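Peer 1: Okay, handing you the structure first.
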Amino acid sequence: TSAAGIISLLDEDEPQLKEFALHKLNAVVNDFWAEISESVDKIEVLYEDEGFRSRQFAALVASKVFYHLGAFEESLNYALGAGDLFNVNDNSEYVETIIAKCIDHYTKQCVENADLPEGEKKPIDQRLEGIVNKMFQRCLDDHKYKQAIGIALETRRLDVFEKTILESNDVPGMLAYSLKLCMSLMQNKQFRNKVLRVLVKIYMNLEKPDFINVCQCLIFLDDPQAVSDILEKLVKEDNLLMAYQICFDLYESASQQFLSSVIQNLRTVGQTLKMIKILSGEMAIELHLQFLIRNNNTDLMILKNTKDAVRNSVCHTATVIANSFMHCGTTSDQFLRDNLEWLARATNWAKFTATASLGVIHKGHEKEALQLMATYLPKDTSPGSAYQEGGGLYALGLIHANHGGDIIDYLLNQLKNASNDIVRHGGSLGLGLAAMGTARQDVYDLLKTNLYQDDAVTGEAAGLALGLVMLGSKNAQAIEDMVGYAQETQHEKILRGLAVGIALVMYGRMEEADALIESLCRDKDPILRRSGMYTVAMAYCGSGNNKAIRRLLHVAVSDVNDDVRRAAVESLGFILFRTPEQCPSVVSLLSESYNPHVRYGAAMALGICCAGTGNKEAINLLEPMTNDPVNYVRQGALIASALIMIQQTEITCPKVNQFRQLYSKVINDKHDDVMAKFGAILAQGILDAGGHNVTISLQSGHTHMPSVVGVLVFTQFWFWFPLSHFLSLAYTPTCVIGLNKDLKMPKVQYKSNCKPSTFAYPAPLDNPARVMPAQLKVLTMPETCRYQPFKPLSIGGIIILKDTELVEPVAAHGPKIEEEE
Amino acid sequence: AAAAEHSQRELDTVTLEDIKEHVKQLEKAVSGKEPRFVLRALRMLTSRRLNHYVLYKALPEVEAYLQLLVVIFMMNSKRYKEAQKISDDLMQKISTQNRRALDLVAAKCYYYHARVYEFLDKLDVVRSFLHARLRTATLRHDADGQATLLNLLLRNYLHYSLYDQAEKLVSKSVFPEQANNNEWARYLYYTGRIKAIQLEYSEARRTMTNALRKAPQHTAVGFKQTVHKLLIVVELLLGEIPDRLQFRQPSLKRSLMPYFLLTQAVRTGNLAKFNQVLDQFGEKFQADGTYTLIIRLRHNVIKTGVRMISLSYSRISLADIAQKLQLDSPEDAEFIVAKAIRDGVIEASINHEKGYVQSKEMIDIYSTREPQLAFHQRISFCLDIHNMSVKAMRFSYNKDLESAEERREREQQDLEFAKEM
Amino acid sequence: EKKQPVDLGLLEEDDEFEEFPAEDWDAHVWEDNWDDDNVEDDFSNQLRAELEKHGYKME
Amino acid sequence: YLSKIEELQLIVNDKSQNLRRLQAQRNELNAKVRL
Amino acid sequence: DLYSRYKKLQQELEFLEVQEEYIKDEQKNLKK
């Protein structure tokens with residue numbers, strides 16, 4: 001009824017009574033704690049009487065009062081005090097509450113504990129830890145373990161996340177779920193990296209685990225030993241396809257920097273040169289070209305219609321590129337022959353650019369390209385203009401990026417021999433191009449002079465390639481140098497591209513560059529601030545760092561200079577890469593703003609985030625921007641759309657028609673600029689790059705920096721025009737081709753129905769062509785033919801039907817490679 | 001016939017805030033009921049159980065709602081037998097109802113449950129439940145049901161005599177947002193009240209004033225009539241006479257007569273008249289608890305007596321004051337007046353040997369401190385009224401985009417033409 | 001909302017006098033108010049002012 | 001329930017979606033003015 | 001499902017933060 005007696009019994013002696021007070025009280029606390037809430041002071045003291053045993057009664061009683069008072073760390077403490085009065089299986093909402101309440105406490109504690117150290121210890125009140133684990137036990141007895149995991153995820157207890165569930169059940173679906181999750185989640189990668197190792201280990205237990213899992217996991221760890229352990233274990237398990245597919249997991253994932261370790265390792269580790277031959281990936285280049293050469297869907301007529309459309313100096317430049325796109329790796333001079341007077345209408349830089357646009361066209365010809373450049377190469381004389389001559393230099397590496405180091409260094413010798421002007425720029429361009437991601441001090445160094453040689457022409461490229469060389473965590477000294485040279489060296493561009501290099505060699509460093517970031521942020525000059533975002537990108541690109549974004553926002557918010565903001569907005573979609581999701585909602589603010597640059601920078605990042613993705617929703621936001629009075633804006637918007645829109649077209653996306661026609665419209669329009677038509681023709685050519693049969697991909701799964709580069713390269717173009725050919729990087733095959741062991745290329749159309757978008761594409765069956773990352777995965781193989789994959793089906797670019805009876809029927813098939821390669 | 005609305009109300013069974021709207025008309029959906037029309041729900045539907053229940057008396061998201069219709073049916077039918085029993089069976093089912101939307105619906109439920117109730121088993125056994133899920137819902141974060149339930153148990157404490165239990169109850173309470181202004185004023189009402197009985201007046205006037213603001217009007221009379229009764233009481237105890245325009249507003253002027261016979265007693269400062277009036281209307285004042293508040297005034301009345309005797313006389317022989325206030329002895333007086341002085345009422349001194357009060361001046365004419373505070377306080381009010389209106393007013397907002405592309409093109413063309421010229 | 005209000009009113013009371021008041025349920029207000037008080041004073045005073053002075057005539 | 005109801009506590013946070021809601025308009029309105 | 005949703009929401013909570021704090025920015029830079 002009312003607690004007054006129990007209130008009175010409280011102070012009354014005979015701990016017997018006090019017990020039976022507390023006892024009777026305890027039961028009727030639930031209501032009457034309210035009256036009792038004033039007795040708590042004694043009750044406190046009561047809990048301080050070791051004389052009176054049961055006081056844990058009062059403690060939990062107080063805990064009852066405290067929930068009923070909304071006091072918890074109080075209640076918890078005294079519930080913790082209880083241990084007896086308290087139990088987990090005791091079911092009240094309160095108990096459930098206080099537990100759940102008690103629980104949360106653990107997490108940050110554990111996390112704060114996790115902060116300094118991480119693992120076992122007595123720092124945390126074991127009672128909680130117990131009850132924690134006891135619920136984790138209950139979680140184990142719940143036996144849905146993400147339940148336990150997500151806790152232990154935050155609980156950071158691998159002990160819990162040991163392997164109990166592992167041996168239990170759920171062979172394929174107890175790690176990846178969390179693992180793929182962990183990638184998305186855990187702040188400290190170390191905790192996640194801890195998972196990754198064990199995960200591999202859990203998988204290394206191997207009732208034949210999925211390796212691409214481990215691959216990505218390894219690629220996430222970039223731990224060669226694991227792969228080598230795999231490789232041994234592989235060699236232990238050795239099967240061509242297994243090795244192959246592993247090497248196909250490998251050739252498509254491991255960084256140019258990482259993988260090369262494994263190469264020399266795999267070399268030293270012995271074997272199977274096929275692996276070393278898969279390390280080429282030239283097969284892809286071949287297959288890609290093979291795919292291209294085969295599956296190229298061209299219609300230069302419309303591009304001719306675009307080329308014959310208008311004639312000028314700036315515009316004539318653009319169409320020198322879109323032609324490259326449609327020929328990218330496709331190796332054709334079609335229009336190049338059409339207008340030879342084209343070259344007349346080209347200008348020293350366009351002449352320079354027209355010469356470079358060749359490497360695009362031949363990209364993936366790892367022999368011819370040099371011979372392709374040969375007539376325009378160096379020493380081999382020239383018809384006129386050392387830029388055209390300069391053009392090959394940069395044009396060369398386009399094909400040979402990472403693979404032309406020799407010629408590069410060779411050309412770098414030509415550079416070293418004389419760094420200055422085009423002869424040093426175009427070379428100064430293509431050097432870091434192939435040298436990108438490879439750490440060569442000379443590349444840094446040789447440029448560093450060519451840099452310091454202070455040719456706005458030349459020194460610029462140095463500000464890039466040097467970044468490209470040390471692209472990675474690089475070295476802070478060059479940073480100092482660059483940053484020094486930034487403030488030191490007197491030029492707009494030469495000073496400018498530095499921060500870009502700074503942006504480069506700060507890559508994934510994240511927290512690291514924050515200094516220089518802050519420095520760049522604190523810069524008077526836009527340039528440092530400018531690259532800061534890009535720096536922040538390459539640091540935090542992919543995974544969103546809110547604070548970064550938050551900073552990037554507020555920076556873009558807080559900067560006078562618009563380009564910076566524009567940039568700052570642009571670079572967002574990098575640290576915002578992994579979620580294109582809100583990016584429209586994100587830019588939906590910046591979509592609508594007084595300023596064009598803001599509205600300009602909008603286009604890219606979103607156009608970037610969904611480049612390899614969907615969201616006509618995202619798209620349609622930009623179409624108003626495609627009408628923003630500044631052609632430069634829409635030009636960007638034009639581009640931004642097409643960056644997304646490749647392969648997505650034709651009533652899959654009906655809008656492409658306009659968008660295409662819009663270009664043509666513009667391309668027809670005389671009153672639209674060579675801003676306007678520029679992007680238009682390009683964005684057209686974008687959609688039509690790689691015979692329109694190729695895609696744009698980046699961290700769609702693990703990042704590839706080369707995908708990024710062309711973007712950030714293309715970033716400043718109306719700034720510095722002869723760049724965008726960098727964009728050739730993210731060009732990605734939709735190829736679907738049998739491949740196999742002997743590589744007899746058996747081509748089958750595996751025939752599993754997608755709503756058919758190999759029918760949805762530009763005008764002018766499962767084998768190669770359109771496909772789609774999706775239209776890939778609505779299609780599955782037949783078991784009927786000779787060859788079967790272990791991974792059963794897969795994406796488009798990776799192909800490789802695994803080979804399961806030689807010099808017999810199943811005939812023969814060949815391609816560009818089989819000829820020369 | 002009218003049951004169509006009950007079906008139309010069921011068309012509000014889609015999702016979320018529909019229920020809100022669903023309830024509104026459902027407030028007046030109880031105009032027409034027949035026992036045979038009860039069989040409508042029997043045909044509307046678990047189903048078998050429902051049917052059985054219907055029989056005794058005489059989809060789930062609307063199951064609770066139709067149970068509401070059962071309660072409403074019974075309670076409004078006077079019949080307590082079936083109505084009471086049903087509540088126990090209906091209240092339980094709907095209560096344990098493992099649904100979130102249902103909590104909102106049950107509030108109307110609880111609102112009736114307590115209502116018909118009479119004693120212990122209802123004050124005590126039924127109260128333990130309201131506190132139980134009060135905690136449950138509190139963790140379930142349903143604002144409306146919480147506030148309602150809280151109000152019900154408060155009303156229980158005051159049907160009881162326990163102000164303290166309810167006070168310390170408030171001490172551990174946090175009230176939520178999203179409310180119904182009526183429930184909001186029910187709260188502010190009970191709050192102000194208990195806050196008053198404990199002697200603290202100056203914060204009671206506040207909560208009751210809000211109980212006037214936040215209350216709706218239409219015909220919600222008796223609540224206004226009653227509160228005002230408490231309003232007049234507080235205003236009176238605090239020492240601030242209310243203006244006549246109070247004892248004559250509406251039909252309530254027929255119930256405020258007692259208080260209108262108190263102020264006439266109080267302002268005059270004549271004790272005997274007061275007392276006589278208290279005897280006169282006492283019984284009338286007992287039907288609510290304003291009584292024991294009113295009986296406190298004996299202090300205030302005399303304070304008034306003294307203050308008037310002071311303003312109207314510079315110095316008075318104690319004899320005379322004792323005559324005007326009817327009191328027995330002078331010795332009584334100088335205790336009373338000595339008290340009045342300490343309280344900053346008279347500003348006098350007393351000449352004892354000649355026994356006459358002699359009185360302080362208004363040197364305090366333009367204090368300046370007084371008017372300032374009053375002025376300051378007012379300004380904050382205007383500001384807030386201007387801030388809240390700027391944050392609320394600030395909410396068909398869309399359809400934005402000046403400039404254009406078609407026209408822009410036209411403009412460009414014009415420009416080109418001009419250039420050509 | 002009105003219904004809710006009504007419900008609230010019902011809970012707060014019924015009521016006895018309130019019901020009567022409702023049943024009774026006008027007039028105006030004029031302009032301003034306070035303090036009415038009693039009446040029949042002025043002439044009463046004069047009636048006494050005479051009497052007073054009449055008493056003072058008697059004086 | 002433990003983590004179950006948890007989603008609700010934060011799920012109700014949608015309130016911040018509206019205020020910003022008041023912002024957009026509130027923000028978009030200036031953009032028209034400034035533009 | 002939670003470990004994918006209950007956890008995927010924290011982002012959202014930041015979305016309103018990423019934008020809630022930025023939103024004030026447009027209000028602020030617009031006025032100047």
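Identifiers for the structure tokens are assigned positionally: chains receive A, B, ... in sequence, residues are indexed from 1 per chain, and ligands are indexed from 1 in the order shown.
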Using only C-alpha atoms, find each residue in chain C having at least one atom no more than 9 Å away from chain B; report its shortest atom-to-atom pair and that distance in Å (one decimal), rows by chain then rising number, as JSON lines.
Peer 2:
{"residue": "C:1", "atom": "CA", "partner": "B:24", "partner_atom": "CA", "distance": 6.8}
{"residue": "C:2", "atom": "CA", "partner": "B:218", "partner_atom": "CA", "distance": 6.2}
{"residue": "C:3", "atom": "CA", "partner": "B:27", "partner_atom": "CA", "distance": 5.6}
{"residue": "C:4", "atom": "CA", "partner": "B:182", "partner_atom": "CA", "distance": 6.6}
{"residue": "C:5", "atom": "CA", "partner": "B:182", "partner_atom": "CA", "distance": 5.5}
{"residue": "C:6", "atom": "CA", "partner": "B:220", "partner_atom": "CA", "distance": 4.9}
{"residue": "C:7", "atom": "CA", "partner": "B:220", "partner_atom": "CA", "distance": 8.1}
{"residue": "C:8", "atom": "CA", "partner": "B:182", "partner_atom": "CA", "distance": 6.4}
{"residue": "C:9", "atom": "CA", "partner": "B:223", "partner_atom": "CA", "distance": 4.5}
{"residue": "C:10", "atom": "CA", "partner": "B:222", "partner_atom": "CA", "distance": 7.3}
{"residue": "C:11", "atom": "CA", "partner": "B:115", "partner_atom": "CA", "distance": 7.2}
{"residue": "C:12", "atom": "CA", "partner": "B:223", "partner_atom": "CA", "distance": 5.6}
{"residue": "C:13", "atom": "CA", "partner": "B:222", "partner_atom": "CA", "distance": 6.3}
{"residue": "C:14", "atom": "CA", "partner": "B:222", "partner_atom": "CA", "distance": 6.8}
{"residue": "C:15", "atom": "CA", "partner": "B:222", "partner_atom": "CA", "distance": 6.5}
{"residue": "C:16", "atom": "CA", "partner": "B:287", "partner_atom": "CA", "distance": 9.0}
{"residue": "C:17", "atom": "CA", "partner": "B:255", "partner_atom": "CA", "distance": 6.1}
{"residue": "C:18", "atom": "CA", "partner": "B:222", "partner_atom": "CA", "distance": 5.6}
{"residue": "C:19", "atom": "CA", "partner": "B:222", "partner_atom": "CA", "distance": 7.9}
{"residue": "C:20", "atom": "CA", "partner": "B:254", "partner_atom": "CA", "distance": 8.2}
{"residue": "C:21", "atom": "CA", "partner": "B:251", "partner_atom": "CA", "distance": 4.7}
{"residue": "C:22", "atom": "CA", "partner": "B:251", "partner_atom": "CA", "distance": 5.8}
{"residue": "C:23", "atom": "CA", "partner": "B:251", "partner_atom": "CA", "distance": 8.2}
{"residue": "C:24", "atom": "CA", "partner": "B:251", "partner_atom": "CA", "distance": 6.6}
{"residue": "C:25", "atom": "CA", "partner": "B:251", "partner_atom": "CA", "distance": 5.3}
{"residue": "C:26", "atom": "CA", "partner": "B:250", "partner_atom": "CA", "distance": 7.7}
{"residue": "C:29", "atom": "CA", "partner": "B:245", "partner_atom": "CA", "distance": 8.0}
{"residue": "C:32", "atom": "CA", "partner": "B:245", "partner_atom": "CA", "distance": 7.6}
{"residue": "C:33", "atom": "CA", "partner": "B:244", "partner_atom": "CA", "distance": 5.8}
{"residue": "C:34", "atom": "CA", "partner": "B:244", "partner_atom": "CA", "distance": 5.2}
{"residue": "C:35", "atom": "CA", "partner": "B:244", "partner_atom": "CA", "distance": 6.8}
{"residue": "C:36", "atom": "CA", "partner": "B:244", "partner_atom": "CA", "distance": 7.7}
{"residue": "C:37", "atom": "CA", "partner": "B:264", "partner_atom": "CA", "distance": 6.8}
{"residue": "C:38", "atom": "CA", "partner": "B:264", "partner_atom": "CA", "distance": 8.9}
Peer 1: Can those selected residues be exported to a file as an mmCIF file, in the first residue's frame so that it contains C-alpha atoms?
Peer 2:
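selection-v5.cif was written with the following content:
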data_model
loop_
_atom_site.group_PDB
_atom_site.id
_atom_site.type_symbol
_atom_site.label_atom_id
_atom_site.label_comp_id
_atom_site.auth_asym_id
_atom_site.auth_seq_id
_atom_site.Cartn_x
_atom_site.Cartn_y
_atom_site.Cartn_z
ATOM 1 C CA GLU C 1 -9.455 18.106 -30.291
ATOM 2 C CA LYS C 2 -12.792 19.446 -29.044
ATOM 3 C CA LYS C 3 -13.779 15.926 -28.049
ATOM 4 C CA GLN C 4 -10.501 15.527 -26.163
ATOM 5 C CA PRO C 5 -11.200 18.794 -24.358
ATOM 6 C CA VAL C 6 -14.681 17.604 -23.461
ATOM 7 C CA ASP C 7 -13.244 14.359 -22.108
ATOM 8 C CA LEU C 8 -10.763 16.316 -19.997
ATOM 9 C CA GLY C 9 -13.579 18.467 -18.658
ATOM 10 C CA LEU C 10 -15.584 15.361 -17.802
ATOM 11 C CA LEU C 11 -12.657 13.877 -15.892
ATOM 12 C CA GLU C 12 -11.983 17.088 -13.959
ATOM 13 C CA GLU C 13 -15.623 16.976 -12.901
ATOM 14 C CA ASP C 14 -19.232 16.611 -13.979
ATOM 15 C CA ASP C 15 -20.346 18.775 -12.397
ATOM 16 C CA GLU C 16 -23.077 19.575 -9.885
ATOM 17 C CA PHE C 17 -22.924 23.395 -9.881
ATOM 18 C CA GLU C 18 -21.177 23.366 -13.265
ATOM 19 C CA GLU C 19 -24.115 21.447 -14.773
ATOM 20 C CA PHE C 20 -26.556 23.971 -13.325
ATOM 21 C CA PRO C 21 -24.470 26.823 -14.715
ATOM 22 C CA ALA C 22 -24.452 25.172 -18.129
ATOM 23 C CA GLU C 23 -28.228 24.741 -17.964
ATOM 24 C CA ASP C 24 -28.611 28.424 -17.093
ATOM 25 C CA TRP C 25 -26.456 29.285 -20.113
ATOM 26 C CA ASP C 26 -25.594 36.360 -22.296
ATOM 27 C CA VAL C 29 -19.671 43.840 -20.034
ATOM 28 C CA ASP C 32 -13.667 47.984 -17.453
ATOM 29 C CA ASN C 33 -14.577 46.772 -13.958
ATOM 30 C CA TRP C 34 -13.684 46.781 -10.235
ATOM 31 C CA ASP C 35 -14.528 47.487 -7.524
ATOM 32 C CA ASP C 36 -18.330 47.238 -7.344
ATOM 33 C CA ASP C 37 -18.832 46.442 -3.631
ATOM 34 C CA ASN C 38 -22.062 47.182 -1.752
#
Peer 1: So that I can see what lies close to stretch 9-14 of chain D, please list as a PyMOL selection string the residues with an atom at most 8 Å from it, counting only C-alpha atoms and leaving out residues fewer than 3 positions away in the same chain.
Peer 2: (chain B and resi 141) or (chain D and resi 5-6+17-18) or (chain E and resi 13)
Peer 1: Give me the residues near stretch 444-460 of chain A as a ChimeraX atom specification, where near means some atom within 10 Å (using only C-alpha atoms) and where sequence neighbours in that chain fewer than 6 positions away do not count.
Peer 2: /A:409,412-413,415-429,431-432,435,466-470,478,481-482,485,489-498,720
Peer 1: For chain A, work out the contacting residues on chain E at 9 Å, counting only C-alpha atoms, and write them as a compact mmCIF listing (two decimals) with N, CA, C and O atoms, in the first residue's frame.
Peer 2:
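Resulting contents of result.txt:
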# COMPACT_ATOMS: atom_id res chain seq x y z
N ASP E 1 19.76 -8.98 -38.78
CA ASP E 1 19.48 -7.82 -39.69
C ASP E 1 20.02 -6.52 -39.10
O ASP E 1 20.33 -5.60 -39.82
N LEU E 2 20.13 -6.48 -37.77
CA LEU E 2 20.44 -5.24 -37.05
C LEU E 2 21.88 -4.82 -37.36
O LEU E 2 22.17 -3.70 -37.76
N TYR E 3 22.78 -5.76 -37.18
CA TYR E 3 24.19 -5.55 -37.39
C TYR E 3 24.43 -4.96 -38.79
O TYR E 3 25.53 -4.52 -39.08
N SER E 4 23.41 -4.98 -39.66
CA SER E 4 23.49 -4.32 -40.97
C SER E 4 22.67 -3.04 -41.01
O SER E 4 22.97 -2.15 -41.77
N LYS E 7 23.37 -0.61 -37.38
CA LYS E 7 24.72 -0.09 -37.54
C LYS E 7 24.84 0.83 -38.75
O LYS E 7 25.61 1.80 -38.73
N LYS E 8 24.08 0.52 -39.81
CA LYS E 8 24.08 1.32 -41.03
C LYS E 8 23.36 2.64 -40.83
O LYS E 8 23.40 3.51 -41.72
N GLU E 14 24.69 10.75 -38.65
CA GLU E 14 25.73 11.69 -39.05
C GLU E 14 25.30 12.52 -40.25
O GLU E 14 25.65 13.70 -40.38
N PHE E 15 24.55 11.89 -41.15
CA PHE E 15 24.00 12.59 -42.30
C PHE E 15 23.29 13.85 -41.86
O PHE E 15 23.66 14.95 -42.29
N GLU E 17 23.88 15.19 -39.12
CA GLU E 17 25.02 15.97 -38.51
C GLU E 17 25.89 16.61 -39.59
O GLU E 17 26.15 17.82 -39.55
N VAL E 18 26.28 15.81 -40.57
CA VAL E 18 27.03 16.32 -41.70
C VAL E 18 26.29 17.49 -42.33
O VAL E 18 26.91 18.43 -42.82
N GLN E 19 24.96 17.41 -42.35
CA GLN E 19 24.17 18.43 -43.01
C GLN E 19 23.57 19.43 -42.02
O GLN E 19 23.45 20.60 -42.32
N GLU E 21 24.86 20.60 -39.33
CA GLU E 21 25.87 21.60 -38.99
C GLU E 21 26.26 22.41 -40.22
O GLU E 21 26.56 23.59 -40.13
N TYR E 22 26.24 21.78 -41.39
CA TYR E 22 26.54 22.49 -42.64
C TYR E 22 25.37 23.38 -43.06
O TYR E 22 25.55 24.47 -43.60
N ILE E 23 24.16 22.92 -42.81
CA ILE E 23 22.99 23.67 -43.20
C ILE E 23 23.05 25.10 -42.66
O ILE E 23 22.78 26.06 -43.40
N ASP E 25 25.57 26.73 -42.21
CA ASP E 25 26.57 27.40 -43.01
C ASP E 25 25.94 28.21 -44.14
O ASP E 25 26.31 29.35 -44.35
N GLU E 26 24.98 27.63 -44.84
CA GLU E 26 24.35 28.32 -45.97
C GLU E 26 23.50 29.44 -45.46
O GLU E 26 23.36 30.50 -46.04
N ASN E 29 26.51 32.03 -44.68
CA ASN E 29 27.26 32.66 -45.80
C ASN E 29 26.34 33.41 -46.75
O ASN E 29 26.77 34.32 -47.47
N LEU E 30 25.07 33.04 -46.74
CA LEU E 30 24.08 33.71 -47.58
C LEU E 30 23.87 35.15 -47.09
O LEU E 30 23.89 36.10 -47.88
Peer 1: Taking only C-alpha atoms into account, report as a ChimeraX atom specification which residues of chain A lie within 12 Å of chain B.
Peer 2: /A:1-4,28-39,64-71,92-98,100-101,591-594,623-631,634,669-672
Peer 1: To one decimal place in Å, what is the distance between atom CA of residue A:438 and atom CA of residue A:406?
Peer 2: 12.4 Å
Peer 1: Show me, as a tab-separated table, the residues of chain D having an atom within 7 Å of chain E, each with the closest atom pair and its distance in Å, using only C-alpha atoms.
Peer 2:
residue	atom	partner	partner_atom	distance
D:7	CA	E:6	CA	5.4
D:16	CA	E:16	CA	6.2
D:17	CA	E:16	CA	6.4
D:20	CA	E:20	CA	6.1
D:23	CA	E:23	CA	6.8
D:27	CA	E:27	CA	5.9
D:30	CA	E:30	CA	6.6
D:34	CA	E:30	CA	6.9
Peer 1: Show me, as CSV, the residues of chain D having an atom within 10 Å of chain A, each with the closest atom pair and its distance in Å, using only C-alpha atoms.
Peer 2:
residue,atom,partner,partner_atom,distance
D:1,CA,A:96,CA,8.3
D:2,CA,A:100,CA,5.8
D:3,CA,A:147,CA,8.0
D:4,CA,A:147,CA,9.7
D:6,CA,A:100,CA,9.4
D:24,CA,A:589,CA,7.7
D:27,CA,A:589,CA,8.7
D:28,CA,A:592,CA,7.3
D:30,CA,A:594,CA,9.2
D:31,CA,A:593,CA,5.6
D:32,CA,A:594,CA,7.7
D:33,CA,A:594,CA,9.0
D:34,CA,A:594,CA,6.3
D:35,CA,A:594,CA,5.0
